[PDB]
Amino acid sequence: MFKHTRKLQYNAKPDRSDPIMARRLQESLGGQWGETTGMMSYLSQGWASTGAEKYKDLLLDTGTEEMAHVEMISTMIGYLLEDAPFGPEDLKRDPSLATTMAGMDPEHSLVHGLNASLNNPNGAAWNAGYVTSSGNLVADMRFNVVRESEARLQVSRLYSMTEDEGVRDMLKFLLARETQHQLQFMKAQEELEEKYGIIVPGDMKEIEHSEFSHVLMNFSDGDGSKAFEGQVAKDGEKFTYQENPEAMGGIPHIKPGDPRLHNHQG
């Protein structure tokens, strides 16, 4: 079960309004790698774990924190949309506002009454296909490192897309939390790799066709990847290199379908 306090985890108030920045911050709210993705991924993984409490609890702790970040980004967008221009009265007050209006999300005013959406900057709805919860935490802790990496890259970019020190104060807090999250998820990843194996899943080495498992195959005519040849991979075995990969599988010849399908193919 959850409980809520009205106080934000950390400040989320800009020094001044900016509806263009509000639109950019929709990426962190409703985007592919944003806070809603983190919230739903970590809570899903946490609820689905039957394993060690160390990781189950880490996931539920962090998913719950991400809900605080969803709240912060939402709040920041709302403050940034204060007094935003949306019609002829605004243009009569200051005709230069036409440029601002051109760059805004039309739906911020029309659909939401100058409030945040749960979409990205381009109005694409957040959706569950952005979420990963596979049942395997070696894989999913790697996913979580990536989620925080892609997110922290975006927050870093956002920092250079505003000069508002109130906006930047919030971003500086989020950058630091994303450092913590990257590090905690890397530690879990490394512990799980030691337990189960460096390759996911770790119990398939006998089954796989091992002769192809350490061969770098040169399918594009640049030769840059040849630098991996002879380097030692993380499992202790060296990469070999094939300059001219071979097509070993034959020519497909599937049986034509039943006439009731009307597969007229010449």
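In this text, residue numbers run from 1 along the sequence as written.
Remark: stretch with higher mean C-alpha B factor among 22-30 and 223-231 is 223-231. Higher mean CA temperature factor, per the PDB entry, when comparing 124-132 with 98-106: 98-106. Between the residues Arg152, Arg142, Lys195, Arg177, the entry's highest C-alpha temperature factor is the one at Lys195.
Ranked by Cα temperature factor within the chain, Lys92 sits in the highest third according to the deposited record.
In the deposited entry, the Cα temperature factor of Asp83 places it in the highest third of its chain's modelled residues. Remark: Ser44 belongs to the lowest third of its chain, ranked by C-alpha B-factor as recorded. Placement of the Cα temperature factor of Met204 within the chain: highest third of the modelled residues, per the deposited record. Among the modelled residues of its chain, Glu66 has a C-alpha B-factor that falls in the lowest third, as given in the PDB entry.
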